[PDB]
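For reference, the chains in residue letters:
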Amino acid sequence: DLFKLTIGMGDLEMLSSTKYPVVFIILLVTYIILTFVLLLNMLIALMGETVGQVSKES
Amino acid sequence: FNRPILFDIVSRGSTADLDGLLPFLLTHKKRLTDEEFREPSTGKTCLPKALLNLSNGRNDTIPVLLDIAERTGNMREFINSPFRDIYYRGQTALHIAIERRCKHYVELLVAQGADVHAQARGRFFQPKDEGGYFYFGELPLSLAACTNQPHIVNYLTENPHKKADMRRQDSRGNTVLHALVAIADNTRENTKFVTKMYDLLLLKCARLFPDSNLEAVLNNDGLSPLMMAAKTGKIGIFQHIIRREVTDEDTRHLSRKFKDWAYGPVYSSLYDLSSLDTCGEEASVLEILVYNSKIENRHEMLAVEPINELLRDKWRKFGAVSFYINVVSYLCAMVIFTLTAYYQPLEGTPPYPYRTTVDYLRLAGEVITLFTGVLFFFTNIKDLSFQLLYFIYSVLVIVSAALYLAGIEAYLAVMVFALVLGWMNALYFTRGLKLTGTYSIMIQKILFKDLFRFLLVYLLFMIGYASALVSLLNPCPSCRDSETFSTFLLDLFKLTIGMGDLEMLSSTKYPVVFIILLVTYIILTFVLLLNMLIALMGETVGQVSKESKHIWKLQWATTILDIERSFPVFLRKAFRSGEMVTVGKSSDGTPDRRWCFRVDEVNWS
Amino acid sequence: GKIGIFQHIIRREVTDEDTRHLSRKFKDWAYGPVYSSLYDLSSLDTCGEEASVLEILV
Amino acid sequence: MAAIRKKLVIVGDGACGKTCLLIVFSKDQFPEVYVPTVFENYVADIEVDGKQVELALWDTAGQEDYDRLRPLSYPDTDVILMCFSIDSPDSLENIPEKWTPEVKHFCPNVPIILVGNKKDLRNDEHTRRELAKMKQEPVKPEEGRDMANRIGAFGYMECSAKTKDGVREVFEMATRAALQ
Ligand SMILES: Nc1nc2c(ncn2[C@@H]2O[C@H](COP(=O)(O)OP(=O)(O)O)[C@@H](O)[C@H]2O)c(=O)[nH]1
Ligand SMILES: [Mg+2]
């Protein structure tokens, strides 16, 4: 369910189970933003090599 | 006769006019050091004015002034009158005679009895960071040393009258050797006399005082000249000190790089590991170099052969084994914590029965994670790139344990948050890997702190705005009651993400203002997220090609030093690098047993 | 927004002793690089009696 | 080894034995006729606990321009020797009112010592008669400790520059406090 949620909208049914939905919201949003930052880093690596390492290596 | 005309007489160097000053002073009981002969703001007496208006390097009015001063009996106060202005406070007439490169006048004042240990405490005599221009060590000998005046230094240290000892320290504790490290740049012309004068003064202090090492007098900050060079980013003097060789037999115990054997081109050199590897006994130059040094020349100094080979040997001896042991231990501890939280029954209010064997396993795992947390507190309070995140994790787990003992169910949430931080912290172990290195270096800690600030602002905004909206709701879907706020917060978050439904608008009495407020709220939330992403990309691209190409050495050095600091001091000494070798006889005649590291090199010239 | 004449008027110093009332940048003392100058504050920190060059400038 | 330098500042009322105390400590000879208003630009070598300390004796006066340039002596000080004559009490009652504040404003967190100079006059008949003419008595040692209690100073010792009694232990205490 979490893989489905992180790949696409999932209606957030799990907050029905939780006693405290606010902490669940905070965890979800921080996980999404951390995943976005990690994606941005592991893809800016290639972009940085493309704009930084073609000076004499290409 | 008068200050305005007298200051003109000394500037013009007219000895024929100063003839009547002495009878005037005798008949009026006046001395050249009274405020009638001193500039009020700068306290500059006659002699400092006489020391800048020099023609052909000589000013004949100065001997006349000194002769008048000795007759008045104020020679000591005239020769040592300090400036009082905040920008030049403490500057006596000796500093002016040393800055002007006038050895003859330096001799004259030192013979007459000038204060050879006068500290210039002015704002211009402060480090550049503290808002100054020329920091030379505040002493007359330090000024000459930093001005590249070997003859004046020799004269000051070998006066028949009064010699300035090289062991003296200024207000900040910087000795003459420290002042040569704060005035040393990285240019080739500057480092060819800073090192030369450094060695000159070191040998001079070695012969004068055989039982004292001038490179061992720490300043007020606890830094020797080597550690100061490492911290302040001075590569040339740092290399000279770490590779120092002296040939004179009397003072050959000051060397640090002892040649051991040679075969044509190849030769083995034993470098001395003094302050480079203290095993935690005192500050170590390596630790200041990796952490405290904020200069861009950190990688150059880490590339110095003794340091680089020492780090490589530390990695070879126990670095990889202990690193993998730490990785396995953390991973297993986190898995245990995840299991114990999961299997926790949470039947009604805390605490819960541990009668069952599975319950006993939960209790044991909780004890294990509590021990890990309290260990992290012990380390942190002993201290008092992931220290802060290991601390916050431990504070969170202890707060959860305190809530669980109190009987508050809320513990799960706090305890869950701690576990999340534990998984994020594991990335420190992944710092070395090239793929996720750039993320583990600075993102996970600095970006998490800025992110915590950002979602703190976001949560306060969202909560206050939810209260503002529910103020508008129809009291009696989302009708106003006791539990309105939480469900309304859920709905608001759902609309922010995109999975929300406009069932909110059906309840409200005034649709138009509700729509206006919601559209504005989407605007501001989008602005917050956009600014968050802007900061993210900005301090992501802050890392550049030169950075990402140089960081790895520094990060591996951080990994190895942390692993080596994690050990107890006896374990630190057990895995020491290098071996004791009889380098040679000391000043007292006893052999010097120094821990030395063997580095093999070639010279083809 | 004439920077040159504004700058000159701000630090106008008249060496002549017959008419020194015109000067604004008096020199209390000056040893070496440091110059301690009394800058006249007339029409700058007006305090509401007169229009302030600060108010117009900002 | 290296001799550390401590900055000592001696403040007090007019004619309370400040410059005389400094001269007695430094040159070992009580001035006979020409006592200077201020004894300036002198460093004195003292040994405390087998450590060499060079005391940069700074003198302050209350006459003419000296009142104006007394504030400039305070910066970078290490110990403050506030002075009051044992014979003259008016300094004693003035010490808390003016001297304690002036020193505190320019010298925070700096050791403070108040010293009873001209101690020899305590038993002097002429000075006792002069005080009785103004309905006054010489400062008692208990009064000195009571004054030190108000300020909270490091200590209170009496000095007699003319007799060269107490002129050494006071500076030893001052440099010991400065070494802290
Ligand atoms: N009886 C006595 N007289 C003193 C003593 N110290 C100083 N005097 C006299 O007091 C006078 C004033 O002292 P002085 O040092 O000039 O005062 P200051 O300039 O305010 O310190 C001097 O002329 C001394 O002769 C002392 O210990 N005992
Ligand atoms: Mg005096």
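Along each chain, residues carry numbers from 1 upward in sequence order, and these need not match the entry's numbering; residues missing coordinates do not appear. Numbering of ligands from 1 and lettering of chains from A proceed in the order in which they are written. Note that the displayed chains come from a larger assembly and that each value is computed for the displayed part only. Each side-chain value is worked out from all heavy atoms of the structure, with water and hydrogens disregarded. Residues with missing side-chain atoms are left out of burial classes, side-chain pairs and their counts.

The name given to chain D in the PDB entry is Transforming protein RhoA, with Homo sapiens as the source organism. The title field of the PDB entry reads "Cryo-EM structure of the human TRPV4-RhoA in complex with AH001". UniProt positions are given in the numbering used here, feature names are shortened, and annotations may be inferred rather than shown by experiment. For the record of chain D, the UniProt heading Catalytic activity holds the text "GTP + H2O = GDP + phosphate + H(+)". Quoted verbatim from the Sequence similarities field of UniProt, the annotation for chain D is "Belongs to the small GTPase superfamily. Rho family."

Chain C carries the name Transient receptor potential cation channel subfamily V member 4 in the PDB entry, which gives Homo sapiens as its organism.

Attention shifts here to the side chain of B:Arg168. The helix and strand labels rest on DSSP assignments: H or I over at least four residues marks a helix, E over at least two residues marks a strand, and numbering proceeds from the N terminus. You can see B:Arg168 is positioned in the loop between α9 (150–157) and α10 (176–182). Here B:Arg168 falls in the buried class, since its relative accessible area comes to 6%. Think of a polar contact as two N or O atoms within 3.5 Å of one another; within protein, one of them needs to be a possible hydrogen donor and the other a possible acceptor, and neighboring residues in sequence only count if both atoms come from side chains. A distance of 2.8 Å separates polar atoms of two side chains, one belonging to B:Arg168 and the other to D:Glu54. By definition, residues are in contact when any of their heavy atoms lie within 4.5 Å. Those residues in contact with B:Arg168 that lie beyond four places of it in its chain are B:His117, B:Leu139, B:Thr175, B:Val176, D:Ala2, D:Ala3, D:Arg5 and D:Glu54. Burial here depends on accessible area, computed with a 1.4 Å probe over protein chains only, as a share of the maximum for the residue type. Under 20% is buried, over 50% is exposed, and the range in between is partly exposed.

All names here are of chain B. Stacked, edge-to-face and tilted are the three classes for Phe, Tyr and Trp ring pairs, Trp counted by its six-membered ring, which pair at centre distances within 6.5 Å; planes under 30 degrees apart are stacked, over 60 edge-to-face, the rest tilted. All chains considered together, the criterion is met by 36 aromatic pairs over all chains. Where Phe125 meets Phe136, the ring centres are 5.5 Å apart and the plane angle is 70 degrees; that geometry is what we call edge-to-face. Of this pair, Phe125 sits in the loop between α7 (103–112) and α8 (140–146) while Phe136 is found in the loop between α7 and α8, placing the two residues 11 residues apart along the sequence. As far as burial versus exposure is concerned, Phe125 and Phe136 are alike and both buried. When the ring of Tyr352 is compared with that of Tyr404, the centres are 5.7 Å apart and the planes differ by 45 degrees; the resulting orientation is tilted. The rings of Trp315, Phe323, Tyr324, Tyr330, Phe376, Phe386, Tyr390, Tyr393, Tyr428, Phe429, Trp552 and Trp556 are connected pair by pair, giving a single aromatic cluster. Whether a charge sits over a ring comes down to the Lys NZ or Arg CZ being within 6 Å of the ring centre and within 35 degrees of the ring normal. Over the aromatic face of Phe209 sits the side chain of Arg167, whose NZ or CZ is 3.7 Å from the ring centroid. The ring of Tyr135 is capped by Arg172, whose NZ or CZ atom sits 5.4 Å from the centre of that ring.

Moving on: the pattern of salt bridges. We define a salt bridge as a side-chain nitrogen of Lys or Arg found within 4 Å of a carboxyl oxygen belonging to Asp or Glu. What the rule picks out here adds up to 33 salt bridges over all chains. One salt bridge connects D:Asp76 with B:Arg121, and the closest N-O pair in it is separated by 3.6 Å. You can see D:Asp76 sitting in the loop between α2 (65–73) and β4 (79–85) and its partner B:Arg121 sitting in the loop between α7 and α8, one on each of two chains. Across the pair B:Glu158 and B:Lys204 runs a salt bridge, and its minimum N-O distance is 3.9 Å. In this pair, B:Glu158 sits in the loop between α9 and α10 while B:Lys204 sits in helix α11 (residues 188–208), placing the two residues 46 residues apart along the sequence. Overlapping salt bridges, with partners in common, bring together B:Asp115, B:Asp165, B:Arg168, D:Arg5 and D:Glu54 in one network.

Now for the coordination of the magnesium ion (ligand 2). Residues and elements named next belong to chain D. In this listing, donors mean N, O and S atoms no farther than 2.8 Å from the metal, or 3.2 Å for Na, K and Ca; water is missing from the atoms, so a site can look incomplete. Taken together, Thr19 (OG1) and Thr37 (O) make up the full set of protein donors to the magnesium ion (ligand 2), lying 2.1 to 2.2 Å away. Of this pair, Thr19 sits in helix α1 (residues 18–27) while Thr37 is found in the loop between α1 and β2 (42–48), placing the two residues 18 residues apart along the sequence. Classification of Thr19 as buried rests on a relative accessible area of 7%.

Here we take up the site of ligand 1. Residues and elements named next belong to chain D. Nearness is judged by heavy atoms alone; a residue qualifies as near a molecule or strand once a single heavy atom is within 4 Å of it. Close contacts around ligand 1 come from 17 residues, with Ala15, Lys18, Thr19, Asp120 and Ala161 the closest. In this structure, an oxygen atom belonging to ligand 1 sits 2.8 Å away from a main-chain N or O atom of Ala161. In the model, an oxygen atom of ligand 1 is placed 3.3 Å from a nitrogen or oxygen of the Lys162 main chain. When the free accessible area of ligand 1 is taken as 570 Å², the share hidden by the protein chains comes to 76%. The residue inventory of the shell around ligand 1, partitioned by class, reads seven nonpolar, five polar and five charged. Note on areas: Shrake-Rupley with a 1.4 Å probe; residue coverage comes only from the protein chains shown. Three residue categories are used. Nonpolar comprises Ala, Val, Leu, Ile, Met, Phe, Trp, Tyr, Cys and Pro, charged comprises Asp, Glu, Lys and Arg, and polar comprises the others, including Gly.

All names here are of chain D. Of all the positions in α2, only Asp65, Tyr66, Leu69, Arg70 and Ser73 are classed as buried. For α2, the angular spread of the buried residues around the axis is 140 degrees, confining them to a single face. Buried positions along α2 lie against β1 (4–12), β3 (51–59) and α3 (89–106). Read the arc as the range of directions from the helix axis to the C-beta atoms.

Take the arrangement of the chains next. Of all three pairs of chains sharing an interface, the pair with the highest contact count is chains A and B. In this structure chain A stays clear of chain C, and the shortest span between their C-alpha atoms is 41 Å. One thing to see here is that chain A and chain D don't touch, and their nearest C-alpha atoms sit 48 Å from each other.

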